[PDB]
């Protein structure tokens, strides 16, 4: 099945920080996790333009 | 090779069952609906009706009408959940449509001046693939694995 | 109803008629006309924001949309959109199909 | 995705500034079309805000 | 190998003695008894056609 493809996020870098400007066309899951012993994952449904630091 | 698959519904007949929402009220319908299975992704449902499809003859519905089994072509049969659907194929008691989501399913055909219908309160649902929740499938994008109803009657 | 199932409309002063099964209306999804008597039609409809009654006499399509809310009212303490195949019977109040 | 992703100096300037995050994608096997992905219009999102 | 039944007859399931186009009710009553069967698909496909 053909699935859509969200716009490219606009990644801004800082000292030990990543910002993300996210303009979705239709609602889209952003799933983050750290690569350590505590992953601290974040399953979020973003439907609007939103900045995630 | 399709006829050895098909020949088992020669053993059977259509029948008249009870539909609670006919064209006027509650009646006994030639096209009563047993189940609507929509567990695949891109909007393909699988009706099971009180009629038969394909009897060989190409795109036709076969239905019982007070004893005397009749038939009509399959482009004369329309159905809709909320928007109008699109019939793909039929084989025996089963039909493969392509419906959008909605909280009921209505099948109807039209005779010379008599309109027949059946509406049942069965939730028809749409299922995206992957982590973007589209309502209509797109025009382009990355290819992904899915699980849809097969078109053939194998 | 003026003949069994027909509708009788004015057309620029002169009066015409068609059979009632060529009149269609819909709120959000299509409706089903039950009967009619005089100026009053009886239908069966899902909920919507408006009603568009339409027919087509020649290759000229007549319509009228008015922004009147149609609402579907369930009976009982359990809220449905299409009535079930089975259950129990409670006292309800619907428009009477006759004309008395 | 914000206000002023399209910037024309006057109404009939014939020189516009476009920063719309347009990215081209690969077409489907057996299809002649141009697929693309871009951030949606910021004038519409500004009208929504 | 699996032998089906119509009477006290262990006939080969791929070659039944009757077909539906010549016997309307006898083939249905033939398939009535061999329902619980690993070899029902073969008897099915050989039972409608000849």
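Chain B is numbered as in Swiss-Prot; the shown residues are, in order, 335-389, 395-493.
Backbone N, Cα and C define each Cβ position, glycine as well.
Summarising the annotation, Swiss-Prot assigns site 'Interaction with host receptor LDLRAD3' to B:378, B:427, B:487, B:489, B:490.
Known features from Swiss-Prot, placed on the structure.
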residue: B:378; record: site 'Interaction with host receptor LDLRAD3'; CB count, 10 Å: 21
residue: B:427; record: site 'Interaction with host receptor LDLRAD3'; CB count, 10 Å: 12
residue: B:487; record: site 'Interaction with host receptor LDLRAD3'; CB count, 10 Å: 14
residue: B:489; record: site 'Interaction with host receptor LDLRAD3'; CB count, 10 Å: 9
residue: B:490; record: site 'Interaction with host receptor LDLRAD3'; CB count, 10 Å: 10
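Using CA atoms as reference points, the recorded sites B:427, B:487, B:489, B:490 were checked against residue B:378 (site 'Interaction with host receptor LDLRAD3'), and the closest is B:487. When the Cα of residue B:427 (site 'Interaction with host receptor LDLRAD3') is compared against those of the recorded sites B:487, B:489, B:490, the shortest separation belongs to B:490.
Using a cut-off of under 8 A between C-beta atoms, none of the recorded sites B:378, B:427, B:489, B:490 neighbours chain A.
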